[PDB]
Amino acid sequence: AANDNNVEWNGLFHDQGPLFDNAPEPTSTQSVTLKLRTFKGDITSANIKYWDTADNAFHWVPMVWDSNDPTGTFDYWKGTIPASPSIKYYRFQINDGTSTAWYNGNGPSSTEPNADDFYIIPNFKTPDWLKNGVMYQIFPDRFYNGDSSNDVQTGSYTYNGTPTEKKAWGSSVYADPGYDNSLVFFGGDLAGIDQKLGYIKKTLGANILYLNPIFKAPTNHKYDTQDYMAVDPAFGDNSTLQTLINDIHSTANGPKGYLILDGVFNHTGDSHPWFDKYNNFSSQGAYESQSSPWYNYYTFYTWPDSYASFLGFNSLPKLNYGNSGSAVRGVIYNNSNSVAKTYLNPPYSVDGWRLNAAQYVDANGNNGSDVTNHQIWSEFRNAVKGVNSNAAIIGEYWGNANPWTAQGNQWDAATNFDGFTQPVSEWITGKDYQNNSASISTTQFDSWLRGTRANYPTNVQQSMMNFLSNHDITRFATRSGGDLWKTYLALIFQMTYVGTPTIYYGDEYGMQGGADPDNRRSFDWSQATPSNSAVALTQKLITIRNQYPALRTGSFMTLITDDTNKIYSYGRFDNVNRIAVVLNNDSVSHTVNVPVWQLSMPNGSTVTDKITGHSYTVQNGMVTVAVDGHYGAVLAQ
């Protein structure tokens, strides 16, 4: 490069990784020094332009040359944004004589962007254990039956007139004639999860557990809460939970663990005493009397049969949050004995909450996604972080969750359906997560990923829950048509991408399953071993991620987007390691020239493909590697 009235886009780069930002999560008194990469001697000047919410105006910070990279190929320009409590957004203006280019969260541009600027949110922090960990999601009744004495039996009880049905482990989840799909129980419990912590924390290596609802409720999914204060008898008792938590946090069965519970706060079940639609309690619930002490906890359009609920489901009456200080906000998060604080405080001390249907939480029966909804989650954060600043808050949202994360006053992250699950599914399986035909090319995949990462602050990105499948969508192995190699490819991407890799129980061995409830099959333990190829790969990838901080918090740079051969390559790097991932989404092998020079991997240096174990030497800035179809390479040094 040179001063030739032309800014070379390929040499430009910046994100909030270690090499380019010295304060990714600054407090009110910490200044932020940023570095912009360009090819060596390519430009004449660069400036940081940032919007300050403190005064609703743009501010200018001229950059100065700082240094070259070890290969002498690039220059690093530096600039510092002053310290203050205000949220700020920034982009770069890069000049080389008569040539000008812009750069922000969405990469380089000729015209000045008006969206996707990088974020600076003083005092906003997301749990570092969440950024660096691997999550394992468990649907309680379907994981492991550690205590058959608490098993729900066929006819143990009835809900809305229908008796419960017990089914042999491994059998179909579909209820037999006369029974209901939501009242089918296999026996999985908390004791079981406890006895299997070794498999989770050692055989696989995950250190974070996320459980679906475990509080008293008549159904098998239990999102129709009957009593937030009690673990459901089928799963054990509150004492069992205390022990499970202690064993999760313990290091006697593997690395220190963390527990995240599912918080169903938008609604209760219709059998909850506050509502009591079937009169299961002597007390008078809202449905029973307009004089009920909990009458105002819900919203009736025409008492008592027409009331606000989740998506119109009468079994899930929607909670009325009212105004700040209300009784509902009280029992949900403000009170010391609220659902949120009770489990965050000892004797429980869980590590976080996954907020079910978080977008709908509101007052007066409204549908959320409004000022009140955001105000509520703001108060929720103050409540949670006040008890444990290291407790995670992950909201359920299938789209762009920027509104609940970008101001640093609500969630730490969200279920990454839009920035991970969907794009990964359409690129690799040619199906959306509902198993409908929907395919995207490699260039679309890369653009989709970048655009969605840009929706969030960096710490949020690193904390997103990235799962291949979950209890609300079809199994990845089913969308892939049973081709285990597609699962291999997906796992390699998952474990090397930005965000918390999240494994939906069973996905590690290729469990299949269609739409709810077939996506909640009981776990086949004969597959919970390295003998199973997908399990062996999962364990290896988790070891790799744990071995390289660059994969968890390092920078992300696109390297190759080949639509003809379906080759996708990107690099993850920091001050210590440089890793170039090469994914082959084609059905045939391809020999790829990986441009590792972009990550500043020195010519003559060696790299090791952590997948095959083969080593290569960097030559002419490249690493030539033959990658098998529906497989990948993780070239690290």
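We number the residues from 1 along the sequence you see.
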Exercise for the section: Check the entry's C-alpha temperature factors for 202-210 and 110-118, then say which stretch has the higher mean. Expected result: 110-118
Fill in the blank from the handout: Comparing 264-272 with 246-254, the higher average Cα temperature factor in the PDB entry belongs to 246-254
Fill in the blank from the handout: From the entry's CA B-factor values, the highest among 583, 43, 580, 54 is 54
Handout entry: Which of 396, 96, 288, 351 ranks first by CA B-factor in the deposited coordinates
Key = 288
Handout entry: Position of residue 611 among the chain's modelled residues by C-alpha B-factor, lowest, middle or highest third
Key = middle
Exercise for the section: Going by the recorded CA B-factors, say which third of the chain residue 311 sits in, lowest, middle or highest. Expected result: highest
Handout entry: Assigned third (lowest, middle, highest) for the C-alpha B factor of residue 86
Key = middle
Problem - For residue 387, the third of its chain into which the C-alpha B factor falls - result: highest
Fill in the blank from the handout: Entry-reported C-alpha B-factor of residue 154 relative to its chain, by third, is highest
